[PDB]
Each structure stands twice: as structure tokens, then as C-alpha cells.
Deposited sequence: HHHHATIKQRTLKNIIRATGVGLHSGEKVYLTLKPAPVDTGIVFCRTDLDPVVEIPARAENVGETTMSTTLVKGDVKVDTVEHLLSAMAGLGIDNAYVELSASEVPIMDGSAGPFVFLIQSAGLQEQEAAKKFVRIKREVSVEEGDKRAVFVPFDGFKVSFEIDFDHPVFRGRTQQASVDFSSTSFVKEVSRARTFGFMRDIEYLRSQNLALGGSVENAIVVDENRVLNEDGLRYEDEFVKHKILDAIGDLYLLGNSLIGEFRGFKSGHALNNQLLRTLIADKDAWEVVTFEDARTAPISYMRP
């Protein structure tokens, strides 16, 4: 028959298994993504510990936001969740358990591409409960110096980002806007790899960071050019990756957004400051569901 269909929560149809290396720790890590019940959200599970330590991927659990987005509970951390969370958000996955055998999510090829491929191969499962969205109803802005991150009301979901690197590799706009109620996360953004400049990578290594980085999982830039012999996947890959990171960091809200995000030189730390300010300002957002997908401002691929 023909009639209104609620937009439903989604989990995984099948389990996903992957093995990789942490970008910063260099450690080998085994990843298992599992389906989860309605209203679970995304939950990270350190299965190398006894007992297993579980950390919901929510803004309140964000520890340090230095080089990557890190979740903390007591003395236990899960590092670099942003790229996997970007894949979850981009495919509309509400509920899943993410089991990790080590403290850091594997970096894969530096983008969300391998995650979206593994998830879409396994397939998604719609669940018998309405999907909840957080709708921006007032402008919310956080700044620190010359960095800015803002939420604005928008009947859809749209992310804009601008970076301002003074570096010969950008002699480029350093700006991109993507409307995901219109274009596709998989198409526009998922394949954008992380990047680092050699000067900063050298410092990071001296601090026991970036230990797993290489041309196999990152765009590596020296003082003048990209060192990866096979080049860039997009002419604006750097700023597309900033958008990927933003989508992942924003999914620490625990629900998909109906609104617009605008980032100027933002990063994990300011992104999370923006989420904490939004959450505290309950006049600026509300939780909504859609009983008829045909009238909703957002749509999703077939599962």
C-alpha cells in the first residue's frame, strides 16, 4: 500500500571486521563493527581490557582534542574516532558497537572510504523506531582567536569550511561547501584523506605522535609539494578532509543534524567546544522525528 513512512533508525545488517594501524600510536588494531539495538547510539568497546570498557561516542566523553578526537572514561581512551564517525554519520547509522583491540581506531587509507565500503558491503538494517534528529533553531557560534565554528538554522544538512594555510601547495580556494540533503557524502567527501606537513610530522614524531603515518595513509606535504607519487584524489582534497572531520566530530551529538555548519580554521577542539555550547543552549535546538519521509528536509540511500 501507499502512505506516510517514518524515517527509521538504522544499524548494521552484518558484522564488519578490519585490521589496521593507529595513525598516532602506530599500534596494530583489530576492529569489529556490530549491530546494536534501537537508541544505543555509537558505542566504542575496548575488548583488549578485562572487563571490556565501553565509551559512548558522545560529546560529554571527549577528552583531549589535540591532534585527533579522543574519547575517555577514567584512564581508558579511544583515540582518533573522527573518520569512522564521519562514515557512520554519512551513511545514517544510528546504532552500532565498535569493538577495538587497542586504544586507537585504525587509520586505513586516511579517509572514510574504506569504512564506507566495508559498511555498504555488509549492508544496513532499518529498525522499528523513528530516527531522531537535532534541529538547529538559533545561530550558535564559538570563536577562539581567529578560529570560528558556527551552527545556523537550515532546512537540510550543509557543511561549509575554509582553511587559511600559507603554503605553496595551495597557490586553490581553500574553501568548500557541501549540501548533503542534495549531494552524497560517499561521492563528495568520503575519499578525502588526512594530511600532514613534514615540518609538523617531524615535531609530532618527536612527541610520540603520528607514529603510524606514511604516504600509504596520508597526504604528505614537504615545503613545496605533495610527496605521494600518485597525487591527490580531489583538487580540493585538504578542505574536503576538514569537512569529513567536521561531520565526524559533529556526530558526537549522538544524532544527525538538521542545520548548517560553517568552519573557519576550526579543528577537533573548537568543534567540540561548539557542541558543548549548543547542548547547553536548549533554546537553540530541539529533537525532531519525521513521520513522512516525503516531507522531510533530508533523505538517505537505500539500506
Non-modelled portions of the deposited polymer sequence, in sequence order: 172
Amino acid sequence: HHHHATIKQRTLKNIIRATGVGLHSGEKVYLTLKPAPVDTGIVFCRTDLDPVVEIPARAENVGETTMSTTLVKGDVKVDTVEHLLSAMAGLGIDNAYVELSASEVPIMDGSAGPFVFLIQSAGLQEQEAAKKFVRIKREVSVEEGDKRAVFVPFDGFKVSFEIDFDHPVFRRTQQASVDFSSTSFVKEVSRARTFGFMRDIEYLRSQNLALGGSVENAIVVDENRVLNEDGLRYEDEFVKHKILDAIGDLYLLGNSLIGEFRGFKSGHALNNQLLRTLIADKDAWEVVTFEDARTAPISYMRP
From here on, numbers count along this sequence of modelled residues.
Between 83-91 and 135-143, point out the one with the higher average CA B-factor as the PDB entry records it. 135-143
Mean Cα B-factor comparison, 125-133 or 201-209, giving the higher one as deposited: 201-209
Please work out which residue in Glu260, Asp48, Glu64, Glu54 has the highest C-alpha B-factor recorded for this crystal structure. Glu64
Identity of residue with top Cα B-factor, from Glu162, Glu99, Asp155, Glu104: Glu162
Check where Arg225 lands among this chain's C-alpha B-factors and tell me if it's the lowest, middle or highest third. highest
Quick check on the deposited entry: does the C-alpha B-factor of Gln273 sit in the lowest, middle or highest third of its chain? middle
In terms of the CA temperature factor given in the entry, to which third of its chain does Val169 belong: lowest, middle or highest? highest
Quick tally, chain-level thirds of C-alpha B-factors: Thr40 sits in the lowest
Split the chain's modelled residues into thirds by Cα B-factor; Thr183 lands in the highest
